[PDB]
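# Tertiary structure, described
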Amino acid sequence: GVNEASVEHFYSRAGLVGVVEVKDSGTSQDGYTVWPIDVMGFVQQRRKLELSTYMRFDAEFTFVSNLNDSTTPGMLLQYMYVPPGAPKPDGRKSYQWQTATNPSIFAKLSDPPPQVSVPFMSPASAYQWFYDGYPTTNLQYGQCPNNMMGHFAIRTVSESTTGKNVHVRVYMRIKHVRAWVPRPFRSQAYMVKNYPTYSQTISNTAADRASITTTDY
Amino acid sequence: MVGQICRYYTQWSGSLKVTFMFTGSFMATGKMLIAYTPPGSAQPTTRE
Amino acid sequence: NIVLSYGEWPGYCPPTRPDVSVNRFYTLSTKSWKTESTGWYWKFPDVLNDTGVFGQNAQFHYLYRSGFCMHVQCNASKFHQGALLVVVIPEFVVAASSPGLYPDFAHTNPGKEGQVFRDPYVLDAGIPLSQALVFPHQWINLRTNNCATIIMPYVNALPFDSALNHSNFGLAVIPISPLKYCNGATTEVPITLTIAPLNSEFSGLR
Amino acid sequence: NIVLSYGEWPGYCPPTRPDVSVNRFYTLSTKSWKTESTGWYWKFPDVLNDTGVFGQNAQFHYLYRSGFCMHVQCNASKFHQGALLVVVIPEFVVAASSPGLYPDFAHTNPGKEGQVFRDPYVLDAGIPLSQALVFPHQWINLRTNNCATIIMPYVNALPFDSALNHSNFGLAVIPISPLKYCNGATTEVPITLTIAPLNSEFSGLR
Amino acid sequence: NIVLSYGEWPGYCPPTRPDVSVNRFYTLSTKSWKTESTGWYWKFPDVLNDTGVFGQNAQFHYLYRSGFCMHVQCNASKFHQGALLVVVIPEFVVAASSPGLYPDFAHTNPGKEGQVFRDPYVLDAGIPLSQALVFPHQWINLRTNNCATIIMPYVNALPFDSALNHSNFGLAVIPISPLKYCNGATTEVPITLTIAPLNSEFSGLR
Amino acid sequence: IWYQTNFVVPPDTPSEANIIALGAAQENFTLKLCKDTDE
């Protein structure tokens with residue numbers, strides 16, 4: 001059993017990285033949404049990724065889209081990928097939806113989920129989960145701008161308010177994974193999204209027992 | 001002896017060595033910094 | 001004796017390459033290890049950013065690339081007891097703690113003096129000190145050895161980076177087993193950190 | 001270890017030549033090194049002039065010629081500190097000091113007991129102790145070594161001379177760094193001088 | 001073209017030997033040659049004592065030894081006329097003149113700016129300008145050439161000397177035939193001095 | 001001579017010691033122009 005305990009297999013399988021919602025009824029009649037690609041959306045996935053300092057991988061994204069009551073009508077959708085450092089849509093019918101350099105996927109709810117593989121996007125040789133430095137205040141400390149993989153702007157291809165909310169589940173599978181400099185698994189609860197900040201109430205790594213000589217908990 | 005013979009001559013040149021001998025107890029540890037300042041520069045003010 | 005970080009010697013990049021004005025030993029201000037001491041960390045090359053000829057190079061060059069050789073000497077008698085963990089942490093991002101969710105500049109870049117830990121249990125980063133031994137490390141057991149030598153190569157996602165803005169790694173000296181002695185012994189144990197940059201490269205001279 | 005005075009072994013003259021009755025080790029009365037001790041000197045061969053078979057030979061022979069091997073052993077614990085200079089001074093003429101411009105016989109020839117210095121700074125001869133290292137010498141640093149061995153050949157303007165009237169050389173043990181210890185340690189450190197005449201020759205037997 | 005002072009290339013001493021951080025060209029502030037100009041002189045290495053990396057070396061090293069390569073460029077049109085004598089004077093001791101028998105520090109060491117002559121006839125030293133051609137020199141005749149290059153080796157009674165206290169040589173640019181032009185031409189002619197130290201050696205680093 | 005670290009001793013050990021400084025010339029030492037001494 002050496003294949004199951006490899007970095008390739010540890011970081012394999014597709015996981016939910018975000019539940020994106022395309023709201024178009026009630027008050028929210030936007031008809032589109034922009035979801036920034038975050039490999040560390042959930043604390044479970046964040047803790048596994050922060051086991052290493054540098055990673056290089058290609059990501060495969062799957063969109064599981066449906067309506068509120070699990071219905072999948074013939075509605076058309078556009079899943080446009082905005083690469084790092086491209087302007088994002090600011091409306092349902094902005095010109096950014098027609099930009100050729102932003103790849104789009106046109107797919108219906110009735111079709112099986114759309115898949116597409118984003119390559120390794122960083123200007124550096126590997127994604128860097130820990131950056132001990134400043135880009136050039138206290139807020140910018142630890143904030144490497146080279147980890148931005150892009151955005152996924154999603155809309156219904158319609159001329160007006162459809163009146164139907166679309167729930168998009170984004171599934172990502174990390175591929176061709178290479179990891180460097182293993183690190184201790186985080187022990188404290190995560191307080192914020194991009195900082196190792198922890199609570200003053202330090203939690204013990206090990207569960208407590210009555211005394212050092214009693215094997216009972 | 002070098003400092004006494006030097007007073008019988010007007011000029012001298014060459015290198016000198018200064019040996020330092022510690023005469024504390026066998027169980028007496030610690031670090032000292034011996035720094036040499038060339039003739040141009042003034043005496044250092046701090047250890048760094 | 002000497003421990004090679006990740007089993008690789010530091011080497012040149014296949015730019016300024018100083019011979020002996022930078023390769024010399026840099027000896028930092030001695031730390032007083034006491035009973036209640038929590039530990040100290042330094043950021044590299046922030047510790048040498050304003051120190052001697054290496055300090056002049058790191059401040060007047062756009063890019064930087066260097067390995068390091070750290071000596072952690074300890075002056076204790078046979079009547080002193082205690083254990084230090086000397087760990088090198090690549091990309092040691094210090095965390096704040098709040099009941100202030102962002103650490104001050106004095107904590108992220110303590111300079112040549114170095115910073116004391118406030119929560120050495122979590123390494124001020126929310127990661128357990130018990131698992132800090134995945135990083136390159138040496139024990140200093142006062143009854144076994146009083147020296148630690150860690151050779152650290154250049155680790156970065158980029159071939160070159162800014163000395164002033166980015167710290168490649170942090171070096172932490174943490175008393176695991178507290179210093180203890182009997183009345184009459186020196187109440188503190190000196191801890192001396194000696195740094196020697198290896199294979200230093202510079203670019204953008206002015 | 002052993003130091004040869006002036007880089008020459010003592011040898012025979014190209015006369016009585018005793019084999020083992022004289023070549024044996026002579027161990028003198030131990031000196032108590034204390035905090036306030038100034039030092040001790042012996043005159044050779046006056047130190048052995050009235051001691052064992054060598055004493056009988058030196059008193060009933062007109063002429064004399066011999067080398068010496070001095071062992072200066074020191075019995076101190078690791079908790080005692082201090083440095084002795086053990087110097088052999090050829091033709092050690094002792095000087096008087098006056099505010100008595102001529103030294104007493106007790107000072108010029110102290111015998112096997114030996115004499116204490118009164119002004120060890122000037123070696124009781126008006127010559128600085130700091131330059132006494134031109135003479136053959138050994139350091140006894142209590143933290144490094146507790147033994148000194150100086151091998152001294154026969155030095156004289158004459159091939160032979162009287163043991164009773166002339167002292168070829170003096171041997172001085174001088175505490176440079178004073179003996180220091182903590183309460184509970186032995187207040188004195190024994191200093192043992194062991195003398196072994198080498199290549200002894202005698203003439204004029206009665 | 002290039003003139004070798006005394007027919008000898010500058011060379012190393014059979015110590016710091018910088019490669020390119022010192023060997024680079026140093027271009028000084030341009031001098032405006034006018035009709036009434038008397039001339040300018042610089043002292044070496046006083047001209048570079050506070051200028052770039054050579055300035056840092058000359059101020060933080062006890063001893064000094066270097067040759068120099070001087071380029072004296074002149075920017076004049078074919079409608080400008082005049083002749084400069086560019087002379088290197090080893091040990092150029094400036095003299096005072098009194099109707100003040102000792103020259104000011106501003107005159108002995110003018111720095112990178114350089115000093116104007118007051119009596120260029122006697123070179124401010126009581127020696128005739130007419131015989132200044134025994135020193136290594138080049139003419140700049142505005143109708144023939146606008147460049148002078150003098151290569152000067154290290155000349156001293158000592159193998160090494162202090163940059164800050166001693167000037168090996170002075171460089172004088174003196175208008176022999178005054179600058180003359182017609183109305184409409186530029187009223188001044190720029191004179192540019194470019195200095196390149198050759199075979200620079202340093203000692204006593206701090 | 002600088003105190004790099006504090007003087008460290010175990011219990012029952014004197015906390016003050018001495019350094020003896022010695023001096024001499026090397027093989028490249030030279031002397032010139034004989035003169036009478038000041039003492």
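Here the numbering of residues is sequential along each chain, from 1 in written sequence order, and it may depart from the entry's numbering. Residues without coordinates do not appear. Here chains are named by letter from A upward and ligands by number from 1 upward, in the order in which they appear as written. What is shown is a subset of a larger assembly, and the numbers refer only to that subset. By convention in this description, side-chain values take in all heavy atoms of the structure and omit both hydrogens and water.

Looking at the method and resolution fields of the entry, one finds cryo-EM and 2.82 Å.

Our next topic: the interface of chain B and chain F. Accessible area lost during the coming together of the parts is what is often quoted as the interface size. The criterion used for residue contact is that any of the two residues' heavy atoms lie within 4.5 Å. Facing the 36 residues of chain B at the interface are 33 residues of chain F. Interface of chain B and chain F: buried area, both sides summed, is about 3,400 Å²; carbon and sulfur atoms make up 61% of it. Here the quantity called buried area is the accessible surface, traced with a 1.4 Å probe, that two parts lose on coming together, added over both. Of all residues in chain B, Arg7, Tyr9 and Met32 of chain B give up the largest surface area on contact with chain F, accounting jointly for 17% of the area buried on that side. The salt bridge definition used is simple: a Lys or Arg side-chain nitrogen within 4 Å of an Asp or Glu carboxyl oxygen. Joining chain B to chain F, the criterion identifies 1 salt bridge. In this structure, the salt-bridge partner of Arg7 of chain B is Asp38 of chain F, at a minimum N-O distance of 3.6 Å. Polar contact is the term for a pair of N or O atoms within 3.5 Å; when the atoms are in protein, one must be able to donate a hydrogen and the other to accept it, and sequence-neighboring residues count only if both atoms are side-chain atoms. At the junction of chain B and chain F, the tally comes to 16 residue pairs in polar contact. Of all the elements in the fold, those that place two or more residues in the side of chain B that touches chain F are α1 (2-5), β1 (9-13), β2 (16-22) and β3 (32-33) of chain B. Helix and strand definitions here come from DSSP, where helices need a minimum of 4 consecutive H or I residues and strands a minimum of 2 consecutive E residues; each element is numbered from the N-terminal end. Examining the composition of the side of chain B that touches chain F, we find that 7 residues originate from one element, β2 of chain B, more than from any other. Note on residue categories: nonpolar means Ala, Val, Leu, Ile, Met, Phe, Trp, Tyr, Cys or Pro, charged means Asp, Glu, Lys or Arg, and polar means any other residue, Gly included. Classifying every residue of the side of chain B that touches chain F gives 18 nonpolar, 14 polar and 4 charged. In this analysis, strands are considered paired if DSSP registers two or more bridges between them. Taken together, the 2 bridges between β3 of chain B and strand β1 (residues 2-3) of chain F define a ladder with antiparallel strand orientation.

Before going further, it helps to examine the layout of surface pockets. All names here are of chain A. Using protein atoms alone on a 1 Å grid, points that fit a 1.4 Å probe yet trap it form a cavity, whereas open point sets bounded by protein on both sides within 12 Å along at least five of seven lines form a pocket; residues with an atom within 4 Å of a point count as lining. Grid points are joined across faces, edges and corners, and a volume is the space filled by probe spheres set on the points. Taken as a whole, the second largest pocket encloses approximately 710 Å³ of empty space. Along the walls of the second largest pocket sit 33 residues, with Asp38, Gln143, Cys144, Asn147 and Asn194 positioned nearest its centre. Residues that form the lining of the second largest pocket fall into these classes: 20 nonpolar, 7 polar and 6 charged.

Right, let's get into the sheet that holds strand β8 (residues 137-141) of chain D. Residues and elements named next belong to chain D. One open sheet accounts for 5 strands, arranged β7-β4-β10-β6-β8; its pairing is antiparallel. This sheet does not close on itself; its edge strands, each paired only once, are β7 (115-116) and β8. Two strands pair when backbone bridges link them, and strand β6 (residues 81-90) and β8 are joined in this way by 5 bridges, in the antiparallel orientation. Of the residues in β8, the one forming a bridge with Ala83 is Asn141.

Here we take up the packing of aromatic side chains. Only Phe, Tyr and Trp rings take part, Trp by its six-membered ring, and two of them pair if their centres are within 6.5 Å. Stacked means planes under 30 degrees apart, edge-to-face means over 60, and tilted covers everything else. Counting across every chain of the model gives 47 aromatic pairs over all chains. When the ring of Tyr32 of chain A is compared with that of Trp97 of chain A, the centres are 6.4 Å apart and the planes differ by 90°; the resulting orientation is edge-to-face. Here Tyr32 of chain A, found in strand β2 (residues 32-36), pairs with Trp97 of chain A, found in the loop between β4 (76-82) and β5 (104-108); they are 65 residues apart in sequence, far enough to count as distant. An aromatic cluster of at least three residues, connected via ring pairs, comprises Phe44, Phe54, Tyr64, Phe68, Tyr154, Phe169 and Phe202 of chain C. The ring of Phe26 of chain B carries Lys78 of chain D above its face, with NZ or CZ at 4.0 Å from the centroid. Placement of a charge over a ring requires the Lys NZ or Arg CZ to be within 6 Å of the ring centre, with the centre-to-atom vector within 35 degrees of the ring normal. Cation over ring: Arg24 of chain E sits above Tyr26 of chain E, and NZ or CZ is 5.0 Å from the ring centre.

Moving on, we get to the nonpolar core. Grouped burial of nonpolar side chains is what soluble globular proteins tend to show. Residues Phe57 and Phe61 of chain A together with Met70 of chain C are the most contacted members of the largest nonpolar core, which totals 95 residues. If one sorts the elements of this core by residue count, strand β9 (residues 166-182) of chain A sits on top with 7 residues. For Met70 of chain C, the residues in contact, after removing those within four places along its chain, are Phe44, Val88, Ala148, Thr149, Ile150, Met152, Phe169, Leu171, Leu193, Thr194 and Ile195 of chain C. By nonpolar core we mean a set of buried residues, namely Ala, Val, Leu, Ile, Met, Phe, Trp, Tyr and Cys, connected to one another through side-chain atoms within 4.5 Å. Type-normalised accessible area, obtained with a 1.4 Å probe on protein chains alone, sets the label of each residue: buried when under 20%, exposed when over 50%, and partly exposed for intermediate values.

On to unusual backbone geometry, then. Residue and element names in this part refer to chain C. At the junction of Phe44 and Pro45, the peptide bond is cis and its omega measures out at 0° in the coordinates. Relative to the elements of secondary structure, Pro45 occurs in the loop between β4 (40-44) and α1 (52-59). If you check the backbone angles, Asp124 has positive phi at about 55° while not being a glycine. Take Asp124: it is sitting in the loop between β8 (115-116) and β9 (137-141).

Applying the stated criterion across every chain yields a total of 13 salt bridges over all chains. Among the salt bridges present, the one from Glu201 of chain D reaches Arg17 of chain D, with a minimum N-O distance of 3.3 Å. When its relative accessible area of 1% is taken as the criterion, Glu201 of chain D is described as buried. For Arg118 of chain E, the salt bridge goes to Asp124 of chain E, with nearest N and O atoms at 3.1 Å. By relative accessible area, which is 2% here, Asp124 of chain E ends up buried. Among the charged side chains, a network of salt bridges with common partners joins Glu60, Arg173 and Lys175 of chain A.

All names here are of chain E. Read across the open sheet, the 5 strands follow the order β7-β4-β10-β6-β8; overall the sheet is antiparallel. The sheet is open, and its two borders are formed by β7 (115-116) and β8 (137-141), each paired with just one other strand. Bridge count for strand β4 (residues 40-44) against strand β10 (residues 169-180) is 5 bridges, and the pairing is antiparallel. For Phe44, the partnering residue across the bridge sits in β10 and is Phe169.

Time to look at the pairing of β6 of chain D. Residue and element names in this part refer to chain D. A large share of β6 lies buried, amounting to 10 of its 10 residues. In β6, alternate side chains face the same way, and those of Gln81, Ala83, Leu85, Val87 and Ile89 on one face and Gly82, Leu84, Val86, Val88 and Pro90 on the other are all buried. Note that β6 and strand β10 (residues 169-180) share 9 bridges and pair antiparallel. Its bridge partner lying in β10, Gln81 is registered against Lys180.

Every contact between the two is made by 35 residues of chain A and, on the other side, 40 residues of chain C. In total, chain A and chain C occlude about 3,300 Å² of area from one another, counting both sides; carbon and sulfur atoms represent 60% of this. Summed over the three residues of chain A that lose the most area to chain C, namely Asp132, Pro184 and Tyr198 of chain A, the buried surface amounts to 22% of that side. The interface formed by chain A and chain C holds 1 salt bridge in total. Across the salt bridge formed by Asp132 of chain A and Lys43 of chain C, the nearest N and O atoms sit 3.0 Å from each other. Linking chain A with chain C are 20 residue pairs in polar contact, by the criterion used here.

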